[PDB]
DNA sequence: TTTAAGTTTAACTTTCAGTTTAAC
DNA sequence: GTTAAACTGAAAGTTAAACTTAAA
């Protein structure tokens with residue numbers, strides 16, 4: 001339905017500390033994408049649960065992270081869109 | 001760069017109270033899209049500033065709302081993408 | 001004087017595991 | 001005698017409000 005420029009998105013995220021760290025949390029010590037529950041993310045970055053959780057929620061809405069039911073809770077991984085956004089940043093650095 | 005299905009997004013937002021109300025806040029009494037600062041939104045919906053603000057920020061990242069500098073602060077309006085998402089909901093109702 | 005936004009703390013609503021007791 | 005359920009002991013998460021810092 002709608003075409004998306006991945007460079008603008010990455011540009012926007014880069015200008016917003018919380019979005020940026022929420023995104024990068026899913027990338028591990030060896031550069032590999034990983035699974036995380038909401039609590040892990042909030043613990044990993046130094047921002048409050050409300051901030052981090054709301055960001056996680058919106059990023060799943062945006063389709064940047066995936067949600068999958070696991071136990072009676074949920075886990076988050078970067079979507080293919082998520083991984084592509086992360087790539088723009090890696091190239092900068 | 002990336003194609004987007006507007007129905008899935010709307011589906012995701014509809015399953016998340018905060019995202020949904022943050023989005024609809026921009027639609028006024030007469031059905032018209034309107035401008036809002038971050039404070040207006042948080043005051044309008046009954047959720048905490050941290051939740052609402054983080055959601056606003058991520059929605060601008062996603063390209064659902066636009067940011068424009070005004071005074072030395074910012075204001076938010078739905079993008080064309082934002083308006084299209086709102087339309088799916090209007091059709092449901 | 002009404003200034004706005006963000007962060008932290010407190011309160012309220014919907015925590016998990018182990019042990020003991022009761023019922024089949 | 002074994003299994004299941006409930007209660008108690010060692011509760012967690014989210015949202016809202018208030019205060020402080022950067023104030024117009």
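All Cβ positions, even for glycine, are placed from backbone atoms using ideal geometry, and neighbour counts span all protein chains on display. Coordinate-derived values only; no laboratory data.
Measure of size requested: the Rg and Dmax of chain A, with Cα atoms as the atom set and Å as the unit; please supply both.
12.7, 39
Looking at chain A as a GNM with Cα springs under 10 Å, which of A:25, A:54, A:33 has the largest mean-square fluctuation?
A:54
Evaluate the distance, in nm, between pseudo-label points positioned 7 Å from the Cα of residue B:90 and of residue A:90 along their respective Cα→Cβ axes.
Computed distance between label sites residue B:90 and residue A:90 equals 4.1 nm.
Ignoring everything except DSSP H segments at least 4 long, calculate the 222 nm mean residue ellipticity for chain B; use -39,500 (n - 2.57) per segment, divide by total residues, nearest 500.
Theoretical 222 nm ellipticity from helices: -16000 deg cm²/dmol.
How far is residue A:44 from the same spot in each other copy, in nm, shortest first, if each label point sits 7 Å from Cα toward Cβ?
The answer, with the shortest distance listed first, is 3.3 nm.
Expressed as a whole number of Å, what is the distance separating the alpha-carbon centroids of segment A:55-85 and segment B:7-86?
Value for the Cα centre distance between the two parts: 20 Å.
Determine the relative contact order of segment B:6-69: mean sequence separation of Cα pairs under 8 Å and six or more apart, normalised by residue count, in whole percent.
After rounding, I find 25 percent.
Could you list the residues of segment B:1-40 with an amide nitrogen less than 11 Å from a label point located 7 Å from the Cα of residue B:74 in the Cα-to-C-beta direction?
What the label zone holds, given the 11 Å backbone N cut-off, is B:38.
When chain A is treated as a GNM, springs tying every alpha-carbon pair under 10 Å, which of A:67, A:11, A:29 comes out with the largest mean-square fluctuation?
A:29
Cα-based Rg (one decimal) and Dmax (whole number) for the protein assembly as shown, in Å?
Both quantities, over Cα of the protein assembly as shown: 16.0, 53 Å.
Distances from residue B:91 to the same position in the other copies: list them in nm, one decimal, shortest first, using label points 7 Å from Cα along Cα→Cβ.
Those separations, rounded to one decimal, come out as 3.4 nm.
Got the residue A:33 label distances to the other copies yet, label 7 Å along Cα→Cβ, in nm, shortest first?
Distances between equivalent label points, in nm: 3.0.
Within segment A:49-86, what residues put their amide N at less than 14 Å from the label point 7 Å along the Cα-to-Cβ vector of residue A:43?
A:49
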